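Listed next as structure tokens: two forms of one protein chain, kept apart as structure 1 and structure 2.
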Structure 1
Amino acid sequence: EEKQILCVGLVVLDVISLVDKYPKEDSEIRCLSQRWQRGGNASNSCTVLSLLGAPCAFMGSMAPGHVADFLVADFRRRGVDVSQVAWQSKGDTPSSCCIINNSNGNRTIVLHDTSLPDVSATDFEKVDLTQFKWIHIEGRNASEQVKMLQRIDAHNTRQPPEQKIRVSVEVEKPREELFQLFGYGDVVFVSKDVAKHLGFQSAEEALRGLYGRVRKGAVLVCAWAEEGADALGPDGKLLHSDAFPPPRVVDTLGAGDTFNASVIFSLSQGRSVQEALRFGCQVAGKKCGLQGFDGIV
């Protein structure tokens, strides 16, 4: 069953300026280039998933408008299905103002989340789970997403072992409400930002420190930028892959999303956790030498 991979989360219009040096206050500078790029964690993962060759679908809140039309068009050009999008009656699809330093790949994100209602459990209740082999959830509205996770669980209990839906979750924002999401999913992604916010100084210590929160049987993954990525499963052994830096790092916008999608892809292809860590570091690393995601395969 090579069904689709469903990613649930944010879609964002990223307005991107590429500069030599980060601008100072009240200054006026001319940019190297500018672009609009579809963004949002779950949305970027769909881009990378479809570039890796996997049929995938995005599910997130969008509002009808010019921004949405651009985003929907871009989704469809990547081959990312949007039939599960939760269209709202009023509002604006979120957007960000992004500055990318070209000399080191740093990225400044000024985000506008638009009081747009999040994907609700009632929205997710309508999804036909039989279309997906893997469902990835970007931690967002935790109380509602738990019910989605519970719905997937009840479905899985009634399926034969080979037709159970694999589940991954990302806890990327250091917000207390999201931490309960650690206890769901077969694969849990914890951000370096969340690890540090929680007092850890390395992926390894974060993995050892946090593993008692995950569902028994789950794999906890913590990427650490230039120091590579680490994972920890039920057998208690810490796994690690080094980073694979490109010659010049020019754009780290969405680099964590590339890692996440690559790990999801690798595991969904039957690879082992060690293999998935290495592939994730490789694809994310070479994204960092590119503007955007084209050229990552």
Structure 2
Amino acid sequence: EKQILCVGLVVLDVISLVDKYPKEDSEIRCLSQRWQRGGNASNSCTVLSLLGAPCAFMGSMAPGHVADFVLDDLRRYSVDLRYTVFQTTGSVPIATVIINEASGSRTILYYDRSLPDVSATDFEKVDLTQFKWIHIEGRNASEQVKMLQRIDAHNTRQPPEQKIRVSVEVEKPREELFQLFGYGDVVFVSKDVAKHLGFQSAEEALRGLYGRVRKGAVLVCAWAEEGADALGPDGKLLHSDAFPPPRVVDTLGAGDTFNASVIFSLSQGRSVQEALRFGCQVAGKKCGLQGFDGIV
């Protein structure tokens, strides 16, 4: 089977579990603290690997002990690391994550460490014939548009059944990312992006943004407890309710779990309605568990 490639950034999540959300200006004893490999596209590889899809991760890396921790972790999941881009400057970014044990909330303090991003030129080296699906985590959009253009160009020269399917995620409310709406077969837009653009529900977001996707695309917007919606070319609004666990313990990476699961379901040939439901079910199962392993 051909692999699913994810392009994005691995992050070191340094996770502090507390029994309540820290009141400002207090001192609180943490229940525990752990390191966990993170990053959106990186977490999606974890879930795709767990679901049984061969996959490859492409991101920048800076050698060192943090590098070794996260790369060792990806290897444990049998994620193909062929296209790691080693950088000679900067370092693996760090996210300081507070998990409220009472609600499973996650609050993320993020700190850029100036690691250079994967470039269009880096991407030119990928052997596209190896992949049946390529997922791109939106970050340095002007370069990513070039990567997406290279995939399109490849696709024109292939039969309908050998075309690489493409998804993109637009998760941060940053202007430069919106151009990515117009690329890919599947476009994931976050609730945060939606709300930043003045939309109040997944349905408003989809109706209000659909005109920006490429002809034939499916636009997907997950909305936490309210489930997830999608809108395709036929104009039909699709929805799944959320499937919460009996007790929500850890929502760090729930959206990434949703994304990977939708990608997997669609790549298996399932309908958008089915993918939305599967996505919500796996994400909801993940929320009732620490980390990712117990989803299967």
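Start at 1 and count along the sequence of structure 1; that gives the residue numbers used here. Here the rigid core means the biggest group of C-alpha atoms that line up within 1.5 Å when the two forms are laid on top of each other.
**Student:** Does residue 238 count as moved between structure 1 and structure 2, where moved means a C-alpha shift of 2 angstroms or more after fitting the rigid core?
**Tutor:** The answer is no; the displacement is under 2 Å.
**Student:** Residue 30: how far does its C-alpha move between structure 1 and structure 2, core aligned, in angstrom?
**Tutor:** Residue 30 is displaced by 2.4 Å at its C-alpha.
**Student:** Could you tell me the distance the CA of residue 17 travels between structure 1 and structure 2 after a rigid core superposition, in angstrom?
**Tutor:** Value for residue 17 between structure 1 and structure 2: 1.3 Å of C-alpha shift.
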